[PDB]
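Overview (structure and organization)
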Amino acid sequence: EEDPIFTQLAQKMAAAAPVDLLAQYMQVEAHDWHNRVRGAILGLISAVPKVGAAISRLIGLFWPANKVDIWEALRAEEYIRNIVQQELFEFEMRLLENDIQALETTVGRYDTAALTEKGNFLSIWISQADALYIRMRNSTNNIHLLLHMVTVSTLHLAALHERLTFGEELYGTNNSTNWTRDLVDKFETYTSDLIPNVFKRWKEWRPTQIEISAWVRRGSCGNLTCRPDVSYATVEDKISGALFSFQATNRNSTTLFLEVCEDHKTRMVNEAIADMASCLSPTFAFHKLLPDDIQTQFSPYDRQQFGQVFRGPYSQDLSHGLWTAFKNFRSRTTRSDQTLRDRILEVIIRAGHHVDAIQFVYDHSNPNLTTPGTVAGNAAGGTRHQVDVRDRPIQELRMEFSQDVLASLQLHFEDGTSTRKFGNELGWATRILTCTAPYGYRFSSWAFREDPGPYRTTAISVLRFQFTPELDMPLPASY
Amino acid sequence: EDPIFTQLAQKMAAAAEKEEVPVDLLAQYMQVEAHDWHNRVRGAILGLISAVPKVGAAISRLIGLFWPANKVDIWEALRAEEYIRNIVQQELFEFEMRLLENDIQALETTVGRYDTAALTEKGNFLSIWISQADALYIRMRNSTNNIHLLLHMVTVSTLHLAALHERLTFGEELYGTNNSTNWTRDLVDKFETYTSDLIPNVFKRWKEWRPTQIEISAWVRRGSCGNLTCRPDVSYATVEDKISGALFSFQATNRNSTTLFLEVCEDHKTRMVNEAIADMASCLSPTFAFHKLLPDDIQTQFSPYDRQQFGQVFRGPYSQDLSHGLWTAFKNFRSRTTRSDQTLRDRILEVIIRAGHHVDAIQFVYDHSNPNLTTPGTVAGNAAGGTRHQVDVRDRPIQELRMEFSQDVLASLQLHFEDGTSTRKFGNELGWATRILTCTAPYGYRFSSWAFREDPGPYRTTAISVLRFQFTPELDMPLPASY
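Rules of the game
- Here, residue numbers run from 1 along each chain following its sequence as written; these need not agree with the numbering used in the entry, and residues that have no coordinates do not appear.
- Chains and ligands are labelled sequentially in the order written, the chains with letters from A and the ligands with numbers from 1.
- Neither water nor hydrogens contribute to the side-chain values; these are computed over all heavy atoms in the structure.
- Residues with missing side-chain atoms are left out of burial classes, side-chain pairs and their counts.
- Note on conventions: DSSP H or I runs of at least 4 residues are helices, E runs of at least 2 residues are strands, and numbering of each starts at the N terminus.
- Only the protein chains shown count as covering a residue, and every accessible area follows the Shrake-Rupley method with a 1.4 Å probe.
- Only four residue types enter the tally: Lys and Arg on the positive side, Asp and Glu on the negative side, with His and both chain ends excluded.
- Where a charge lies is defined by one atom per residue type, namely NZ (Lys), CZ (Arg), CG (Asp) and CD (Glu).
- By disulfide we mean two sulfur atoms from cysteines, separated by a distance within 2.5 Å.
- Relative accessibility thresholds used throughout: buried, under 20% of the residue-type maximum; exposed, over 50%; partly exposed, between the two (1.4 Å probe, protein chains only).
- Only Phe, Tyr and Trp rings take part, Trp by its six-membered ring, and two of them pair if their centres are within 6.5 Å. Stacked means planes under 30 degrees apart, edge-to-face means over 60, and tilted covers everything else.
- The criterion is that NZ of a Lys, or CZ of an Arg, lies within 6 Å of the ring centre and within 35 degrees of the ring normal, and then a charge sits over that ring.
- As used throughout, domain bounds are those supplied by an automatic or database domain assignment.
- What makes two residues a contact is simply this: any of their non-hydrogen atoms within 4.5 Å.
- Buried area is calculated as the accessible area (1.4 Å probe) missing from two parts once they are joined, with the contributions of both summed.
- One side-chain nitrogen of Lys or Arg within 4 Å of one carboxyl oxygen of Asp or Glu is enough to make a salt bridge.
- For the purposes of these results, a polar contact is taken to be a pair of N or O atoms within 3.5 Å, where, inside protein, one atom must be able to donate a hydrogen and its partner to accept one; residues adjacent in sequence count only when each atom of the pair is a side-chain atom.
- Here a helix's expected span is defined as the number of its residues, less one, multiplied by 1.5 Å.
- What we call the bend at a residue is the angle made by axes fitted to the seven residues finishing there and the seven residues starting there.
- Pairing between two strands requires that DSSP report at least two bridges joining them.
- Where helices are involved, their axes are fitted lines through C-alpha atoms of the stretch in contact, as for all axes, and angles between N-to-C directions lie from 0 to 180°.
- Nonpolar core, defined: a set of buried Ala, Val, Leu, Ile, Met, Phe, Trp, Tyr and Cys residues in which side-chain atoms within 4.5 Å join the residues together.
- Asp, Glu, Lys and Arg are counted as charged, while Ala, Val, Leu, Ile, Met, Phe, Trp, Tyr, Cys and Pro are counted as nonpolar; the rest, among them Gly, fall into the polar class.
- Orientation is classified from the angle alone, with under 35 degrees giving roughly parallel, over 145 giving roughly antiparallel, 65 to 115 giving roughly perpendicular, and any other angle giving oblique.
- In this description, the arc belongs to the directions extending from the helix axis to the C-beta atoms.

Method of determination for the deposited model, per the PDB record: X-ray crystallography, at 2.10 Å resolution.

**Quick word on the overall build of chain B**
Tallying secondary structure elements over chain B gives 13 helices and 18 strands in all. Considering only C-alpha atoms, chain B reaches an extent of 90 × 60 × 50 Å along its principal axes. Of the roughly 20,000 Å² that chain B leaves accessible, carbon and sulfur atoms contribute 48%. The averaged location of the 59 negative side-chain charges in chain B is 6 Å from the averaged location of its 49 positive side-chain charges.

**Digging into the state of the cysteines**
Tallying each qualifying case throughout the model produces two disulfides over all chains. In this model, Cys221(A) is linked to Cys226(A) through a disulfide, with the two sulfur atoms separated by 2.0 Å. The sign of the 120 degrees torsion about the S-S bond sets the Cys221(A)-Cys226(A) disulfide as right-handed. According to the relative accessible area criterion, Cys221(A) is exposed, its value standing at 58%. Through a disulfide, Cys225(B) is tied to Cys230(B); the S-S separation comes to 2.0 Å. Every disulfide takes its handedness from the sign of the S-S torsion; for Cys225(B) and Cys230(B) that torsion is 115 degrees, giving right-handed. Between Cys283(B), a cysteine without a disulfide, and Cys439(B), which holds the nearest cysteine sulfur, the sulfur-to-sulfur distance is 16 Å.

**Points about the packing of aromatic side chains**
Geometry of an aromatic ring pair is reported as the spacing of the ring centres plus the angle between the planes. Scanning the entire structure with this criterion turns up 53 aromatic pairs over all chains. An aromatic cluster is built from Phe6(A), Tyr25(A), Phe250(B), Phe261(B), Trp327(B), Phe330(B) and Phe333(B), whose rings are joined through pairwise contacts. The aromatic ring of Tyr110(A) is capped on one face by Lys118(A), whose charged end is 5.3 Å from the ring centroid.

**Here's the deal with the domain arrangement of chain A**
Residue and element names in this part refer to chain A. Domain boundaries assigned for chain A yield domain 1 (4-206) and domain 2 (330-469). Relative placement of domain 1 and domain 2: their C-alpha centres are 36 Å apart. Across the boundary between the two partners, domain 1 contributes seven residues, which contact seven residues of domain 2. When residues of domain 1 are sorted by the area they lose upon contact with domain 2, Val19, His34 and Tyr79 head the list and together hold 53% of the total. At the junction of domain 1 and domain 2, the tally comes to zero salt bridges.

**As for the domain arrangement of chain B**
Accessible area lost upon the coming together of the parts is a frequently used measure of interface size. All names here are of chain B. As far as domains go, chain B holds domain 1 (3-210) and domain 2 (315-473). Listed per partner, the contact involves eight residues of domain 1 and nine residues of domain 2. Approximately 620 Å² of surface area, both sides summed, lies buried where domain 1 meets domain 2, with 50% of it carried by carbon and sulfur atoms. Considering only the side of domain 1, the residues that lose the most area to domain 2 are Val23, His38 and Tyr83, jointly responsible for 50% of the buried surface there. Linking domain 1 to domain 2 there are zero salt bridges. Along the contact surface separating domain 1 from domain 2 lie three residue pairs in polar contact. The set of elements that each furnish at least two residues to the side of domain 1 that touches domain 2 consists of α2 (25-33) and α3 (36-50). Among the elements that line the side of domain 1 that touches domain 2, the one with the most residues is α3, at three residues.

**Here we look at the pattern of salt bridges**
Residue and element names in this part refer to chain A. Tallying each qualifying case throughout the model produces 58 salt bridges over all chains. Between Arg332 and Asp263 there is a salt bridge, with its nearest N and O atoms 3.3 Å apart. Of the two residues, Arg332 sits in the loop between α15 (316-319) and β7 (335-336) while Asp263 sits in helix α13 (residues 258-280), which places them 69 residues apart along the sequence. Overlapping salt bridges bring together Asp317, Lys327, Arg330, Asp404, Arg449 and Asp451 as one network.

**Comments concerning helix α12 (residues 176-205) of chain A**
Think of an α-helix as 3.6 residues a turn; residues three or four steps apart then line up on the same face. The end-to-end C-alpha distance of α12(A) is 42 Å, a good match for the 44 Å that 30 residues give at a rise of 1.5 Å each. The largest bend in α12(A) amounts to roughly 40 degrees and is located at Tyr190(A).

**Some thoughts on the sheet that holds strand β16 (residues 435-440) of chain B**
All names here are of chain B. The three strands lie next to each other as β15-β14-β16, forming an open sheet whose pairing is antiparallel. Edge positions in the open sheet fall to β15 (409-417) and β16, since each of these has one partner strand only. Here the strands of the sheet are splayed against their neighbours by 20 degrees on average, with no regard to which way each runs. Two strands pair when backbone bridges link them, and strand β14 (residues 398-406) and β15 are joined in this way by eight bridges, in the antiparallel orientation. The partner of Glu404 across the bridge, within β15, is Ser412.

**Some details on the nonpolar core**
Core analysis: the largest hydrophobic core is formed by 138 residues, its most contacted members being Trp125(A), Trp202(A), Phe257(A), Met399(A), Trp446(A) and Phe465(A). Aside from chain neighbours lying at most four places away, what touches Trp446(A) is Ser336(A), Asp337(A), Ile358(A), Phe360(A), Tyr362(A), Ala376(A), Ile460(A), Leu463(A), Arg464(A), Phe465(A) and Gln466(A). If you look at the next biggest cluster of nonpolar residues, it comprises 136 residues, including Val32(B), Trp37(B), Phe125(B) and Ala380(B).

**A short note on the interface of chain B and chain A**
In this complex, chain B contributes 76 residues to the contact, which on the side of chain A involves 75 residues. For the side of chain B that touches chain A, the residue count by class is 36 nonpolar, 21 polar and 19 charged.

**A short note on the pairing of strand β9 (residues 355-362) of chain A**
All names here are of chain A. Burial analysis of β9 places eight of its eight residues in the buried class, the great majority of the element. Strand direction decides the pairing type here: strand β8 (residues 344-351) and β9, joined by seven bridges, are antiparallel. Looking across to β9, one finds that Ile348 is bridged to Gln359. Pairing between β9 and strand β10 (residues 371-372): two bridges, direction antiparallel. What sits directly across from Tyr362, in β10, is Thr371.

**So, the sheet that holds strand β17 (residues 445-456) of chain B**
Here four strands make up an open sheet; going across it, the order is β6-β18-β17-β8 (chain B) and the pairing antiparallel. Edge positions in the open sheet fall to β6 (313-318) and β8 (339-340) of chain B, since each of these has one partner strand only.

**So, the packing of helix α8 (residues 119-142) of chain B against helix α10 (residues 180-209) of chain B**
All names here are of chain B. α10 packs onto α8 with a crossing angle of 10 degrees between their chain directions and a minimal axis gap of 13 Å. Classified by the interaxial angle, the pair formed by α8 and α10 is roughly parallel. Residues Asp134, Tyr137 and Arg141 of α8 lie in contact with α10, whose contacting residues are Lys190, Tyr194, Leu198 and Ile199. Partitioning the contact of α8 with α10 into residue classes produces four nonpolar, no polar and three charged.

**With respect to helix α1 (residues 4-16) of chain A**
Between its first and last C-alpha, α1(A) extends 18 Å over 13 residues, near the 18 Å set by a 1.5 Å rise per residue. Where α1(A) is concerned, the buried positions are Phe6(A), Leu9(A), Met13(A) and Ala14(A). Burial along α1(A) is one-sided: seen end-on, the buried residues are contained in an arc of 140 degrees. For α1(A), exposure combined with an orientation more than 90 degrees from the buried face picks out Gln11(A), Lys12(A) and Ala15(A). Contacts from the buried residues of α1(A) go to α2 (21-30) of chain A together with β7 (326-327) of chain B.

**Structural notes on the side chain of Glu96(B)**
All names here are of chain B. For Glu96, the location among the structural elements is in helix α7 (residues 90-116). At 7.0 Å, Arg139 is the nearest oppositely charged side chain to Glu96, a buried residue that forms no salt bridge. One polar contact links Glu96 to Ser143, side chain to side chain, over a distance of 2.8 Å. Once residues lying within four places of it in the same chain are set aside, the contact partners of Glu96 are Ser143, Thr144, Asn145 and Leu149.

**Let's talk about the environment of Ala242(A)**
All names here are of chain A. Counting through the fold element by element, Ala242 comes out in the loop between β4 (230-237) and β5 (243-249). Taking the relative accessible area as the measure of exposure, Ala242 reaches 25% and is therefore partly exposed. Once the C-alpha coordinates of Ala242 and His264 are considered, the two residues, 22 residues apart in sequence, prove to be 10.0 Å apart. In this structure, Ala242 is in contact with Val235, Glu236, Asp237 and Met268, ignoring residues within four places of it in sequence.

This is the structure in structure tokens:
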């Protein structure tokens, strides 16, 4: 007995025939919790001017009849395994169970209350949500509860928004100055203090779980041969479990492999920070709960912490698991594009057998003009492809590496459509890597390394992509 | 920088001037190093027959491969074998090797003494080599963790048979007497015990153990009507390999069952076991060349390897469903093949690929008793659909197959050849691949057969949704130039 959704998706792809709607749906499900939190916030802004209407929608998303609840949906978040230790926030949540049930009881009582009793339950809701967040924030394992803090802060500000929006209906008085100040103050505490500061503590911890080991065995002449010196190094992430091993003979050095190991650590930390930033990105929509007339007085998020996140770098060298020889490893970018403009209008790709050139083309203060990015690679080589990405944001970039350089590039758009693969039309890809936008973030910039390629022209050997929060990200239909 | 990387870079630049699709010589070299131990063992065996019969010459060649000046030794080359992490526990054979260190050191002393000795002294040292080599293998065989020393057994059995071959080949000028009858019987007897008893039987014990490291767990949390909602029943299942660390997770709401996900978890376990067996089979494949050490006139009297254990190994199955890590709903999972091609013929002459937007049909064309004729295999998929691509794989064996999956079916196929050249990608010329999977022949094995599952694709035609590839040992596999 199959779940009917898979049947409908198979028929929908037949009807369309095109986009892999099956894969599309499952990628939405991977971010179920994320979509619920965003869905609940968007509901508070868009919903009919009717007391409890938006809150009823929030309850439907967070505590549906036929689906997992918000707390267990949280457990299944795609990125969770790379950023926090499941077992630690499992323990903390056993201590918070009765406080969470109490808050849920109050949320339910507000929903079912007559208008004359709603005001009382909302006050209790506000207090309970406030206390529950303070508990999580004061916990020894607070950094592992960061997604639980996104959930509770959402419930807190939902109630504060409800109280301001419908305050005269709930209480009768005109205390809108107080109701406004209360929303603003708790908005500030979360978005300017508690979320950034706990994220900073988390960011200091995450790299400590990646251990670099370097050692040597001195050569030995005995009966049969003279065995050479062997220098070794390993970089292991205890969270993700990713392991990269290096060794080189006829060398006696504990420093030889530190640079490439540190580059791998930076890369793993980049991936971890981007994942966490994504999971916190729903809190960047709290800004939209503030009255329109004061929205320009507040930042939607802490730009130092969340303004810039990275995936990669990517290279043929960075993909190899176990080295038996010492190479001049292409393990990081050596050139960064402009970052001032954070919206891409076009991507220019020159390509023949390999990728000849990449240029991001950004927006301009004057919306009629554009800001040409740095030209990576050979500006004269191959065929020039101008991909207009106005009205189709980039969701994923696929890179193929061959002969130690970038062989091809392909863009995957938000709606699931894609470009042609540019370069390596006929050839075999040694490595295939997919750079996926952190959910809630857009491509904002990039960095690269250039090297002489096998055609004795400038090739792109290393790529790293930079992202900034997307404050106007559309949700899937069902949300 | 190691001078090899600059050399490889220059060679690819030279080739780029002439060839439309040049070979990744860098990747090619690094894939040879990934199997350094394997290549050394094969190179050592081959060198006994390859060399014009000259006393000590083949043994000198073996010593150069096993204990070089500017590379790691045979024992540490072993540790770095690509497949090792999927098959054996390193800590367990580390523990055993510490107990065997002084015996290995003794055998190595004797090998060096044989190599450096004058002709009149060589004979004595070779006899000591034989005794020490035999004794060391029995210690590994009798070992508590013998299954984890299988690659070490491959190494010692090579050293043991190398010496027995040397004694038969040069026995007259070593010892003076002609005892070729006894020397033949000794080589045959040890060849037999290794290839027909000890390697097959320890492999059987290993094969019994490897599946036990894969755990399947199923449980349910029943629904609860409290204050604010009625929480639904959730059914869970997991399949985890404690060796590779591979983990696949399943859950479905509004279902109360511990049986729902057992079939898909069992199919994952079967797939994980397939990949492990193929990995280990590859590692033991150099012992299949022991046969070539036997005198030409008796080679037809012996099997080069145990066909039941090593005749057929598998990689996959591969499908879009099988690649997904965490499921939040129940699907009719496409997790195993439903139809296997013929297996009687085990040499492929051609692969026919029909493709349009996706792969329409695949057919393997095998050898025939009559070398003028062929044996067309079963046609998988839509025999009429797409553009027909006939790939002649006479003179270019298949090293790797690349599969792209999109819309729950096979979107494209691409062939990677032994020499590093490839075909075009057939299908999905302009599209985005949901999943990309590479099926790499176990090193020492060639593609011998395949199995598949068919499903209706999005274009209302028969599509290929699941692929599994079967392999048989390649007894005439060439070595890289280096070896």
